[PDB]
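Visitor: Take these chains first, placed just as they are in the complex:
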Amino acid sequence: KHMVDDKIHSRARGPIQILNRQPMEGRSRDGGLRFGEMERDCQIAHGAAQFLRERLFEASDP
Amino acid sequence: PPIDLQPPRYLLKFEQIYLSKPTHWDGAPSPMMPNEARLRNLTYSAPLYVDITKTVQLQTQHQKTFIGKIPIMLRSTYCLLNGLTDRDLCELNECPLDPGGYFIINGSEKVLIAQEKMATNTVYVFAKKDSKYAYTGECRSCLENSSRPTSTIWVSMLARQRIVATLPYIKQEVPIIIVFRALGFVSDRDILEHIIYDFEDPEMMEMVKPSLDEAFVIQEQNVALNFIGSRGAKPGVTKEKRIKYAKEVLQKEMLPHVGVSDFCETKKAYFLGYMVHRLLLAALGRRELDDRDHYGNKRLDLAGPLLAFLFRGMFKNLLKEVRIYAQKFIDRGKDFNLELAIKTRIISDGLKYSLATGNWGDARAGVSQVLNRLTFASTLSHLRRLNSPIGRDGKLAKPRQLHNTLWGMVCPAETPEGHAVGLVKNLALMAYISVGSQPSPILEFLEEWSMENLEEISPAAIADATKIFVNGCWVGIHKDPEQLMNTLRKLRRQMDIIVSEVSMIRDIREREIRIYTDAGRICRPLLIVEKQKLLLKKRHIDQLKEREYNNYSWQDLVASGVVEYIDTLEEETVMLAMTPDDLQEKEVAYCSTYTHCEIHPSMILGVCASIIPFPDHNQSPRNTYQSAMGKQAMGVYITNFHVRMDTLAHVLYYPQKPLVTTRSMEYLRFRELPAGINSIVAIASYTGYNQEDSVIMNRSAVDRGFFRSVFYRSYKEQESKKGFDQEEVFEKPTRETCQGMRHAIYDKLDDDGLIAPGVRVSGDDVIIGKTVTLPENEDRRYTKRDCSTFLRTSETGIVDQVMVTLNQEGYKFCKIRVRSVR
Amino acid sequence: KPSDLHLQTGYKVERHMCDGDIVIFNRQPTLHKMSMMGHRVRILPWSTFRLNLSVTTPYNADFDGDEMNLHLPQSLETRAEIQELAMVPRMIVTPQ
Amino acid sequence: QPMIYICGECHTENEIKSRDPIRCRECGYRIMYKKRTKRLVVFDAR
Amino acid sequence: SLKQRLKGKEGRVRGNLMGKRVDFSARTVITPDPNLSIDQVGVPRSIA
């Protein structure tokens, strides 16, 4: 049952939640992916602090 | 109990129940076919009538008063399509391939997952190695056909060597000798007669001696019951009303399975003596400890016990509401109106909520799951699924492991490999859960033979004879255990008195014989081996090949004394031949004392592990992973899929039966609704696109229809007649008239706001034109707002078919099934 | 209208990404720093992320229905940052 | 202007109105099936 | 409550401040390809 048209999604500045101005959840509501805690740790490890600022502030909810 | 109200008294009593056929209505009584109940999101539920009798005395009876609607699982004896021929089912748009066993609740197909539990009324000895107790006994005592739940008594030895008891509704650790004195047994010699059955082993008497010497201060029944009533969950006022609360606890709270009556003092005393004696044997090690995971120690609550446990509380709540109504309408002096007394929503909406949601109460969840209709294998495997009640995310392994007593009753391979390994299981093929019968013919048969009851014995002849139990409760003693077990088996190989499901177990090392007649035990049929020969002779195969002619069924072979159902307790006392061609021929002999023979070893597997070719040649994690994937394969999941408005239907163009098949696929009907295509694989390193678990496919084969599937998705929407402030209605919305209308194509819609079938739609195309009115259209020029369901974005396809109907509420209601080939 | 599609120096144009753009590619669970690395975009027809074979081992990604997450760096500054720190040639040898 | 629906079990066809309760005339069957569209369909035979 | 709005793994600190939903991101299945370099990913057109 796991087809790739059912699983593909991308997103760019689409619908935004009302409780906080972060993107939606899930591909059915055109939501974006979660940049979770472990990715925050991994980008600390890279030392990409401008990329980490771009993810966690600018391209999520400025 | 018949409820009584004190003024002239009157009592209500309910005596004879009536269960009609499922029927919908406002409207006239008409038989609701279950596919109609699936399509209009109805609830396939039969109404439930009962007669009333009231005495005020001035009695009046009230025949066939409507209690309420209870749901019916399909292919029952009270469904409409019981026993119908396959032509008749295909006239009803129901397929004959569907096994039933699921409820239709609001059009949704629900499956009651069988829930494991510890076996009731059975003494267990466990070791809390972390607590202050060395060995703790317990007995989850629960009387059959009793509205009250189980009430576990604990009898536990302290680790330091006194023995105490945790009783129900009593918060302190009561000593054992206090409870025996509180049952009217004042002598230490008499209590020691009820506990230790031999006075010639001084070691066990020396071990019970400190617990006996704890409570030599309290000697009277009065003082003992006073100490029982001290530190209750409901504490006592004085000497008065605390003697009665303690008498109530010893009468009605501990051990209801040995009886709740005034003469049941000594029976309860004998069974508590048995609990303390088994705890002493565990503290000696003369009997081993008990396993929590042995499946002779468990029961399976199926839909019968689950709906019974639900209906106890809901019928009691309906009685409580009738009592509230009668308390209101006697104090006005008038007479109550009984049809307004019994409100039907408390007995029907509760069943509908507990089956529709799965929150099993007003407690636990996940009991009624939505039926999985991707594959016929997934549908069968969802109807044969057991749920361990142990919660998830536990770091321990012993409730999850494959215990030895899962042999033949439950599949070893099939389990969800996520965080529910081993907890959720799938039943084996020939295993069958005993639906349970009444113990009373067995008790009459035992009193017919020379069994001596507990209220008529000396406590001296107990240890030289075998203690005999029925459903846990100890019914007496018998002197000659052989020729009793031969007689009970001789009656089960004939079905004279004892039902085939009922199980005898002679414990031979410790002199016990226990007969279980519970509802929930899990058995499987085995052949029967006299001296070293099967009883399955050639004439049975000759009469059994010629079925539909001789009318010689399986049940005639159970009646012939050839096969019989063995449960898990009785597997501990059986010598089981694997196959007859090896294990009745003389060799350097292994045992030569076989009692039963396995029918075929392939029947130890589940329904999804039966479709695996050569699964003994695989590795066992691979068998588990295929058991997961076989529930997910696309295929023709049902025969009437063109009628069904299922959400997410995956069907396949050209499914094939396997060239390499098992014999057991003939019985799952996998060659009739298959899932997958025979393909000429090659196992080759190649260009490098089959690298790390991927496969190279043939484009020309795929262009010839190879695994080209088709994915259906339905879309339901109804309008809502409300209090005039917002009013949905299906219509084609207009840009100049409607407000908030999203930028999409609305000329695909027809004149009623729906798509005609055979129309291409894509992502964010409208499928249902629906407009809801706006209350401030007068409070200008801008009226009713768009509330439309679009096609699900990043999907596309042709609208397969559209049905238009009325719902349960009488409101217009449309379903649209949209087809997309894959 | 075509009158405001003119471009003078200083406008931004949010254009669809082409070949040679840099993306961040990771797999939950991101255990170490080579579970989230920077790739260059190649536009291929069918609807999957075709990625190479030797990058399976840091990702622990065995293509049997694994799906990966692809982040795009929006500024040009963070694009140069990913190119100079988190490229998979610069993450061949691990520090652990 | 009326929409033609196929009467479920009856398999006959009938008109329908806006704000009309959904009932067959033959036996009052509640499930209607909307007829196939009148515009053209064309399939690439691939 | 407010303390229950903040205290969870799904709360404000961990659930929204630490790990948050991001724009400009895609998620699809990977399939192998040996005909492109180790720092190239072949993304679809409808993602791009």
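Guide: Thanks, I have it. Residues are numbered from 1 along each chain as shown, chains lettered A, B, ... in the order given.

Visitor: strands paired with the helix or strand harbouring residue B:477, and their directions?
Guide: Using DSSP states H and E, residue B:477 sits in strand B:473-478. Sheet partners assigned to strand B:473-478 using DSSP bridges are listed as strand B:451-453 (antiparallel), strand B:466-470 (antiparallel).

Visitor: Please identify the buried residues of the shortest one?
Guide: Just to be clear, that refers to strand B:451-453. Neighbour-count burial for strand B:451-453 flags B:451-452 (criterion: 16 or more other C-beta atoms under 10 Å in any protein chain shown). The way it works is simple: take the backbone N, C-alpha and C, and place the C-beta from them, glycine included.

Visitor: Next, the buried residues of the helix or strand that the strand holding residue B:477 is followed by.
Guide: On the C-terminal side of strand B:473-478, the nearest following helix or strand under DSSP H and E is helix B:485-492. Within helix B:485-492, the residues scored as buried using 16+ other C-beta under 10 Å are B:485, B:488-489, B:491-492.

Visitor: Also stretch B:737-749?
Guide: By 16+ other C-beta under 10 Å, the buried positions in stretch B:737-749 come out as B:738, B:741, B:746, B:748-749.

Visitor: Also put chain F in, sequence below:
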Amino acid sequence: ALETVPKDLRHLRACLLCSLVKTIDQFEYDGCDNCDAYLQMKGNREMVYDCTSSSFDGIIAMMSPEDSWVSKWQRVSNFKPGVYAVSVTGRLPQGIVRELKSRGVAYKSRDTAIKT
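Guide: Adding chain F to what we have so far:
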């Protein structure tokens, strides 16, 4: 007895003298159940409207005034059991008060309300 107890909630009136709460039917048919011999409102409706109150606050079902501290605070201990009012708005005319004082009954007000 039960004859003192009001039959319904409609037109409940408290007396001006002893704050006895009864319906207008019971004042019309029985007078005052404590001191009608000093007031004589039985057989006259206008005497009831002059001698009972249309505004009262709080009721007391005085069952045993011989052993009640509430009867000590409300000064109704020497009376009969019945339904009494805590606060009574109203006043007798000067003719009735002077006639009661000529019979040795000084009129103490049952208006025990804290007026601001």
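
Visitor: so, the buried residues of helix B:485-492 revisited with chain F in the model?
Guide: By neighbour count on 16+ other C-beta under 10 Å, the buried set for helix B:485-492 is B:485, B:488-489, B:491-492.

Visitor: Ok, stretch F:52-65 next?
Guide: F:52-53, F:56, F:60, F:62, F:65.

Visitor: I'd like to check what contacts it. Which residues are they?
Guide: Identification of contacts with stretch F:52-65 by C-beta atoms under 8 Å, 6 or more residues apart in numbering or on different chains yields F:12-16, F:19, F:21, F:27, F:41, F:68, F:70-71, F:74, F:76-90, F:113.

Visitor: Of those residues, just the buried ones, PyMOL syntax please.
Guide: Here is the PyMOL command that selects the buried residues among those (16+ other C-beta under 10 Å):
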select buried, chain F and resi 12+13+14+15+16+19+21+27+41+68+71+74+76+77+79+81+82+83+84+85+86+87+88+90
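
Visitor: So residue B:519 is in contact with residue B:303, correct?
Guide: No - contact criterion C-beta atoms under 8 Å: residue B:519 and residue B:303 do not qualify, at 11.3 Å.

Visitor: which other helices and strands contact the helix or strand hosting residue C:38?
Guide: Per DSSP H and E, residue C:38 falls inside strand C:36-43. Under the contact criterion of 3 or more C-beta pairs under 8 Å, 6 or more residues apart in numbering or on different chains; DSSP states H and E, strand C:36-43 touches helix A:37-46, strand C:22-26, helix C:76-85, strand E:40-43.

Visitor: Kindly incorporate the sequence below as chain G:
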Amino acid sequence: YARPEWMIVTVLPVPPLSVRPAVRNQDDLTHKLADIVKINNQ
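Guide: To build on what is shown above, here is chain G added in:
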């Protein structure tokens, strides 16, 4: 910065509409604040 008499909430801050939303439909925090102000007026 931190005074012990300020720990006793003698005036309760009610947060704005950005914190608790409205979607016609109220927030759970608005229901509990309704309990606050109802018992306060009582």
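
Visitor: ok chain G is loaded, check the buried residues of stretch F:52-65 again?
Guide: By 16+ other C-beta under 10 Å, the buried positions in stretch F:52-65 come out as F:52-53, F:56, F:60, F:62, F:65.

Visitor: start to end distance for that stretch?
Guide: Using C-alpha to C-alpha, to the nearest Å, the end-to-end distance of stretch F:52-65 comes out at 22 Å.

Visitor: Report the distance from it to the chain centre.
Guide: 8 Å (C-alpha atoms, centre = their mean, to the nearest Å).

Visitor: Which residue does chain D have closest to chain A?
Guide: Nearest residue of chain D to chain A, counting by C-beta to the nearest C-beta: residue D:46, 17.0 Å away.

Visitor: And that residue, how close does it get to residue B:652?
Guide: Using C-beta to C-beta, to the nearest Å, we find residue D:46 at a distance of 18 Å from residue B:652.

Visitor: These two: which has the busier surroundings?
Guide: Per other C-beta atoms under 10 Å in any protein chain shown, whichever of residue D:46 and residue B:652 has more neighbours is residue B:652, with 22 against 4.

Visitor: Please report how far the more buried one lies from residue B:372.
Guide: Counting by C-beta to C-beta, the gap from residue B:652 to residue B:372 is 17 Å.
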